[PDB]
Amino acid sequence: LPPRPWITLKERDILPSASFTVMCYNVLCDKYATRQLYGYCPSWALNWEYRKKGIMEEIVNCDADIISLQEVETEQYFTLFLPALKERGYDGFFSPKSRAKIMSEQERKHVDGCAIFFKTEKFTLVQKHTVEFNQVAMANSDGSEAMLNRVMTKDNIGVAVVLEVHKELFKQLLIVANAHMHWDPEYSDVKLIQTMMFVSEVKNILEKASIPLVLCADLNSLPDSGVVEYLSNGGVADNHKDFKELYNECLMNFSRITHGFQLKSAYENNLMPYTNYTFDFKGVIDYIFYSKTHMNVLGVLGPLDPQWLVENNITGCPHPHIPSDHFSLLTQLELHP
């Protein structure tokens, strides 16, 4: 296993500014780490008792100031992620999917969700928020049968925290948001709508709290998609093909459909060839977006050496040496007040 290379994009700055790093990582929850989907990885290496060590080691060694995780299993949050990262100087916020859904005690422990951790020496938690996409869809369906049938029926969520950035690093506020969108490629419309919902709800948090945004997400969307275009260009045509020409009027409950932020992906221009890496599918579907008005990217952690993967005949993850089917993103950012 060779070290992943750091890529410098700009060096540190004279003007007073704070730099900090952000990790975005889908850990692959145990529930979904099955032989069926991951036949090519041996059982002992899929198993959570084994994989959780590689996943902790990954998060520890990245050592980011802000960590956004997806597929964090409820019980693992409280008994593993939080108490171990507390020992490293972090506090955290977590919310599970499916909160409103009836299920046994046992099943409730295994439901996964999104978590944001932050170094308490650098940041103070001002507010925490959960955005349940099923609920925002319900509230915004009026008319539109697609909303209710296609969107409200997906249990996805994002979380967001409002953080106070300690003055000494330079009340400076920062919002960090983390989401995990629906997966199914036949549902490009749900992915885009969940993103519009997440962004507009994030804007609302912002009002009630101009203020820098860091947006981490497993978007399940390629760089060419309607969702990436929407996030990167401040908006998208209400007739974009990703709507499956299937919405209109209800779309602009979150509003050519537009958002106010000015965002760039930390890894734009293909700095990694894929963030999800399996036998059947490899592509960039995970992202760290930041407000380009307040922040520059100083650098990113580059991809694992493609030559190393080929030499070891690794055509999909997880693998004995790679504990998730996603690779972590890690970026260093510089914030100007």
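We number the residues from 1 along the sequence you see.
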property	result
Gap at residue 318 across at least one third of the other PDB entries	no
Other compared entries missing residue 249, a third or more	yes
Unmodelled stretch of the deposited sequence separating residue 13 from residue 14, binned as none, 1 to 3, 4 to 9 or 10 or more	1 to 3
Chain break class at residue 209/residue 210 - deposited residues not modelled	10 or more
223-231 set against 88-96, stretch whose average Cα temperature factor tops the other in the entry	223-231
Mean C-alpha temperature factor, higher of 236-244 and 113-121	236-244
Top residue by Cα temperature factor, when 68, 275, 270, 61 are compared in the entry	270
Residue with maximal Cα B-factor (values as given in the PDB entry) among 189, 249, 184, 132	249
Within-chain third of residue 280 by Cα B-factor, per the entry	middle
Residue 307 - Cα temperature factor, lowest/middle/highest third of chain	highest
CA B-factor placement of residue 108, once the chain's modelled residues are sorted into thirds	lowest
Residue 301, C-alpha B-factor rank within chain (lowest, middle or highest third)	middle
Ranked against its chain, the third holding the CA B-factor of residue 17	highest
